[PDB]
Amino acid sequence: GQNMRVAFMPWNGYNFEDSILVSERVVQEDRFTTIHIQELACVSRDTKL
Amino acid sequence: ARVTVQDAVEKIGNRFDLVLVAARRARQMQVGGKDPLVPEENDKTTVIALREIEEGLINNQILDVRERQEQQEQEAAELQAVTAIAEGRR
Amino acid sequence: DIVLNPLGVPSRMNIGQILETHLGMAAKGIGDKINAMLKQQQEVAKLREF
Amino acid sequence: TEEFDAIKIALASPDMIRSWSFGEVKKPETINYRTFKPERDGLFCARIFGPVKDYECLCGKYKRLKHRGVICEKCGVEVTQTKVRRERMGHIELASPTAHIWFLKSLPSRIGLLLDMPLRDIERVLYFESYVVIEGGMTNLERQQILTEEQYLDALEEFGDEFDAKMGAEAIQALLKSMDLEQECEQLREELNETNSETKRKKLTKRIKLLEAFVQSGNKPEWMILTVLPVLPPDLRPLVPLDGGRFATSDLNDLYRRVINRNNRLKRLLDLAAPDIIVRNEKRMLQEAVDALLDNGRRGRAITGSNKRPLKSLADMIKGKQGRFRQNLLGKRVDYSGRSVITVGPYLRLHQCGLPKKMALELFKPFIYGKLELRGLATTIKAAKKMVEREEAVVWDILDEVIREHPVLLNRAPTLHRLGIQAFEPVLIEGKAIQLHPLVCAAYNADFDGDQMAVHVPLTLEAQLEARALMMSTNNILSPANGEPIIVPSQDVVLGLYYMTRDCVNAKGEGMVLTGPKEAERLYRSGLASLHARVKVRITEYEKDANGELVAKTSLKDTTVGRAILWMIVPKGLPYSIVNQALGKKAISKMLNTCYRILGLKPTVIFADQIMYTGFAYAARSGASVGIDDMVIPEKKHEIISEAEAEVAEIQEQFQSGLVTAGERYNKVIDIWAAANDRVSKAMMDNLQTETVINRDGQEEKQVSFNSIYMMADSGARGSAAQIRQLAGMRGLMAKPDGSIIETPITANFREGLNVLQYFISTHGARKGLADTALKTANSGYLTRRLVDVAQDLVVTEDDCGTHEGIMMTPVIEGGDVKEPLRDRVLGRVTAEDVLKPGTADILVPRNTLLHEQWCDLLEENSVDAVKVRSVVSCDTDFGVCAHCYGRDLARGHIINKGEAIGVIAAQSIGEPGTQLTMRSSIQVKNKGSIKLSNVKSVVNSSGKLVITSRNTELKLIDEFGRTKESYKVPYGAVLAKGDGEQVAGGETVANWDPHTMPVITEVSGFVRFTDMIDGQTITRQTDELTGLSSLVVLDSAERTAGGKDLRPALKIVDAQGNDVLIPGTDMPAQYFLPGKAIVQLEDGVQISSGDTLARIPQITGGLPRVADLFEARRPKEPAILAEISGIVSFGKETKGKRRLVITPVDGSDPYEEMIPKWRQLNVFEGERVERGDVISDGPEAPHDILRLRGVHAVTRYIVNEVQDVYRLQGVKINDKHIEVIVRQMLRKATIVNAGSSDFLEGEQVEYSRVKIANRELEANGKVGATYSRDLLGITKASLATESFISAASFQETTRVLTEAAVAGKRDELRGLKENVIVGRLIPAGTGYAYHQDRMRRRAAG
Amino acid sequence: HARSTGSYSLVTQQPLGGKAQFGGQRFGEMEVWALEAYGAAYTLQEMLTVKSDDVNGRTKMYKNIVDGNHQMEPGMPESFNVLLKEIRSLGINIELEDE
DNA sequence: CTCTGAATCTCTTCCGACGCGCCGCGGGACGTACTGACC
RNA sequence: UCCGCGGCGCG
DNA sequence: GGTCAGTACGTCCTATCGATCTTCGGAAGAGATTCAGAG
Ligand SMILES: [Mg+2]
Ligand SMILES: [Zn+2]
Ligand SMILES: [Zn+2]
């Protein structure tokens, strides 16, 4: 994963039940951005007529 | 707008009867073309019916009386049409 | 960067995350003192000593 | 369309099956492969089942709606819709009869008990391994006699054709057809009258019931043997094309193909005049094939496909969790639904939820299409779909228009109770995560660690109004289980309010005098004053007068800044004392409950939202944080550990010296380690809870600490004493996997590091807990399903039944502790009788009054000790309960409305907390009061003490206010130093008995002689080795001589002149009897005083299983014995561990007799008098015995007390109404003792409602009503015994219920909720209730 | 995942299951119990009949929603017809009375 | 000393939480010859 | 498109 | 009579039971066997 600066404090209910409040700097720095590769297949088949 | 239906429940006395009466009135307003008895205030027929029930303008007895009046008017209109047809034939 | 609720720790009794949070801070702090020392272009001797 | 009033089930005649069929299937082929077209007479035939494509002939000659109804001449396929392939059935004409497996193997065997023939013999006959005799002339053979092949050949040689004998289903059918039902019924009734054996009576009565059911239903017994086999429509067993030209086939197709192959082979063999052996084998194989098709695996090994898995038969299609009832009818997949991960919306109002915009667009697509076509933007539906797909701006505006006041239903699985689904107004949000209001999470049991929630869209106006009026979160602020608030502040909400409402000894701005809360807020936000500053603030509060108008009073109050700022948001009408304290979770919940009770729903909703906002804001401002320094370790901990180690070392040295045993050593070490753990915990808490601060004068003063962990735990936001102990003190002794406690505890805490050994020890408990949760979920779910099934019929159906009967409510007290006050047990219930002011005849509370909070307060003020309330079990309503017997609706406060489904609510309220339940000589008075004795008979000894001559004696403590708050049970022969009505002091102890000794007491003074006390034969007299004194010992029946069995040692009392002593008040001589193994210290003729005792006689599972056993009415392993009738006792003659006891009634002419295994410690003596229900031998009490001896109120009290004991031990609050509802559902069946003038039969089991109505009408006509007893069926048996066969089939044991309903020809009237759910019509509860009433009107008019 | 209308199963005539199949959420028996604890008879009926299995019902509901009429015309669920046919296939005559 | 009933023992059958997601694997089909009906 | 099995994961 | 479509039979492939995956706990009901009491 990534090393993240963490403050332990309640913040206006956005950490109410295990919830996590994340800075926009985390998104801007692409620290948790991940690459996903999907394989899609098109199959040509013999059919009647 | 509406958040709680407690006033309408007090007016009707039962939540289930409230739902039935409000559904009847809202269906009158939605499909039957009836005009609301309270300002619409961009509310939907459900909430308008609830607000009419809150003010006491709509209950089961009132709806039954209104439907009886409408049925009597329809019967009178049919009688007038029959009379006009008879006058045309005569 | 992230704000976490203090209330999870007591009931969950996963105190190891608190200690890590402390040690990581220290782990960062040393780096900061290196980073500034690198930004100031200080001599290799002071960097080696630290 | 064609509305139906009922659903009827019966056996199918062969002609009936032919009437269903549209053609005979006679080819084991599905489709041609050259042309993908069904075969001419196969399982998918077009001319039998219907066209493959709509309104098109198979050959294509006719292909349009204009040829509708035309049957093609070329191929015989009717031109119609393809849907007929979903409906039209077929048939197979079997070359040989085949027995239906359900009516053969489903115990009890219907064929077997109809023919009075054993099941194994019928199996042997059916499967062609033995013959049976049908018709016999003058031959020796008997009808229904089985013959082996050798025996058959011998009989044939001996008698030729004078006797008829056959094999197989043909023989069974011939036997069935040749039985006269009426004649057999008459003969069986005569035999039942003549027979004496109870087992014979049971067999005869069950056979008579079966025969009478066959007679009444109109079914013929021979219909149990199949001659024509129905064929399911092809669309219900589809032949699904796959990739690669393969066809996915249902297992039913394979089963049908096997049956058709065997049938055709048998027909061909019959045509060719095959030998007997070959045709017999083929018939056996056909029978096996049909059995596999009907219910595969019921006999022999189930036939398997190429995957080696058993093939799925029709029974498997109906049965089980994956069957139609539970997978498709009771539950369904629904349109207009979605799901997504939930997050917190802390900005949300209580009635609204954050709904993703994309989810809303997809879910409301049809509404958007309609609104687009209304505004002319889209001419056709295709244009609307293209517009929505492109996601134009006008589409977003339309979507905002359509969701304005359209509620959506949010559901989280598992839906343990009705709060698992709630309605919210959706606010459209960006992102893909649903936003949930924080206050509803507790009701949902939802956290934000990955939870997903499902969203449903109500379509119709009635659905929208039900969501708004019944299911919306603003209506669900009270828990239906207990009435306490369910929408309660938690986590940060509670911590912030607690931090806001705490005071500090010296703080910035202390001593200021404030004009009001606004000035406090100004001072706080300006930084001039702290939240905890003690200040005097002018506060204006309001109180409702007698008329209900708010009267205002203003005063200067000592408070803190934070408390005034919080008072800014409190609604008018509440006192300031509700906020002038440190607010924990309990305080906030109580404040909300007070607000709801005083001001109503809307102020409470606004108050809850404001509380949430304020708590979040001030928790954020506090900056509360957990650091490593907050886990403060006591400085005394190390020395406590050292002292404990020294003590264990001393005990170890003592054990090595041999002074103590291994078990004593283990117990001592455990005790000292527990004491050390308690000391460490006390030191930790004492150090944590207090901090020292310098006050205004410059002096150190102690105050409650602001430590973060202590603030979290004390506030109730999170944590507890045990978890703090584990963090900052030793985490204590751990248990091995077997449950035994390890000798050496885990000395380290979590701030310190556990060793490898300590961590390895803790992992045992960790994994045990995880696995226990895994199993507990399943157990609780099964219990909840059973409860729902038993209680789903019960609905409030009338306002008042007019019952004066009820149950008596008193506070639950055990061992001097008041476990439950009367206020909780009586709040919200209707008085069965008028409550009188204690000590007077004045009426304090009138009859039929709902006891709300004010009435309960009035009851507390007058110190009323017991009330009588109306109960569900005592309601006289037929097929329902009245609103007054049920009482207050716990979720709404007022009396319950008609139509409320109280049974499902009760079942959910009991089952939801199931996963919290665990799964795997001295009496000291504690309070100053007076002593009272009940069920007591007393005598005075020579020492002036008191001896009790009753076994059910109860000791109570009464206060000067008139209340009772102690309860104890006094054993027989116990000695008490205080009389009845005396006063005792706090801590005074009075008790004298030996649990290992059973005493024998004498009434008056005299001299004691011996009778039937002869050495060897009955007794043994000796100078004992233990003490060297004279002693007499009584021998047991397995120890004494055989000739002395009828000689019973006895003691007799004489006066100073030798005259026989008579018991005072009676003519009975003073005689006493000694049981086996009894010892008498006295001799022949020694003197005794009044009230003298001389006798030396030798003398666990709880949790969720306990609740399950209580609700299933399971008998205990060693049940207690209760006196069946009131009378005098006497004994009989014993033999090999059994004794006979006779109770002679005071006036009854018939003495009762009982057999007792003598290993039970018999309590009552031979001369004592007993009352019905008195404990003859101690032990667990069987609920059935309680019901039949003490009554309905007794059994309901017992069940309620036991279940509530379990739940209250675990800490769960469930009102007794729900347990009473379940109990009433358990008492639904009765048995008839005397039929009287009614049509019922003695010994038959009927519904109690039916017999009650019959007796009512008979007494209306003046006839003699039928007498009945009530039966206590367990929840499973009660569910399976319902009159609706559909509900029972949906619950469990589908094959048995269906078979019994088929033979009985039952008719289901669709009265319950489950039946109408299966049918798909409005349930007879809630909004649908009125609808069904209209039905009841119309069927009355018709 | 969200669904308004899509494919339906062949035999049960009910919505498919799973996001990959664009299926609908399962309104299980516990959810039915929850709706029965309320008075939500109409919601329960529309989930049992129109939104799941009634073919004519769902077509008419879709048409009425497009037309602006939020009224339901419930019929017999098809799964009940499947159950009746399966019981009749076992040789048991199960029928509806007074149709 | 024997017979019957009741009690006890043995064997068989039924039930066992809900919801959601992903991957893999499997699942009778095709060909040729002979017979009947229609033109 | 259906069914089944196996394995893994989350609440 | 000749032609086309439909229907019928064979191949894949066997041959020892041996492949085959195989083995819970608790409660209730029915049937079979045994013990005690009465005659
Ligand atoms: Mg969670
Ligand atoms: Zn045709
Ligand atoms: Zn009643």
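Both backbone and side-chain heavy atoms feed into the values below; hydrogens, waters and symmetry mates do not. Below, chains carry the letters A, B, ... as their sequence lines are ordered, and counting in each starts from 1.
- Taking 4.0 angstrom as the limit, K27(D) places none of its side-chain polar atoms (N or O) nearer than this to OP1 or OP2 of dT7(H).
- Residue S306(D) has a polar side-chain atom (N or O) positioned under 4.0 Å from OP1 or OP2 of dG28(F).
- For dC35(H), the OP1/OP2 oxygens have no side-chain nitrogen or oxygen of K1136(D) closer than 4.0 Å.
- Taking atom P in both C5(G) and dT22(H), the straight-line distance is 14 Å, to the nearest Å.
- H456(D) has its ring centre less than 6.0 Å from the ring centre of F27(E).
- Nucleotides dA15(H) and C10(G), compared at atom P, are 48 Å apart to the nearest Å.
- Residue contacts shown for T777(D) include a base, since a base heavy atom lies under 4.0 Å away.
- Among the protein residues, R786(D) comes within range of no part of the nucleic acid, since none of its heavy atoms lies under 4.0 Å from any strand.
- In this model, the phosphate group of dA28(H) is approached by a side-chain N or O of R1114(D) to a distance below 4.0 Å at OP1 or OP2.
- Between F247(D) and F36(D), the ring-plane angle classifies as perpendicular under the 30° and 60° cut-offs.
- Atom NZ of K26(D) and atom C1' of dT7(H) are 15 Å apart (whole Å).
- You'll find the side chain of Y8(E) stays beyond 4.5 Å of the side chain of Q14(E), heavy atoms only.
- Counting non-hydrogen atoms under 4.0 angstrom, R339(D) reaches the backbone sugars and phosphates but no base.
- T915(D) comes within 4.0 angstrom of nothing in the nucleic acid, heavy atoms only.
- Open room surrounds NZ on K203(D); 12 or fewer heavy atoms of other groups in view lie less than 6.0 Å from it.
- Within the nucleic acid shown, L775(D) has no heavy atom closer than 4.0 Å to any nucleic acid atom.
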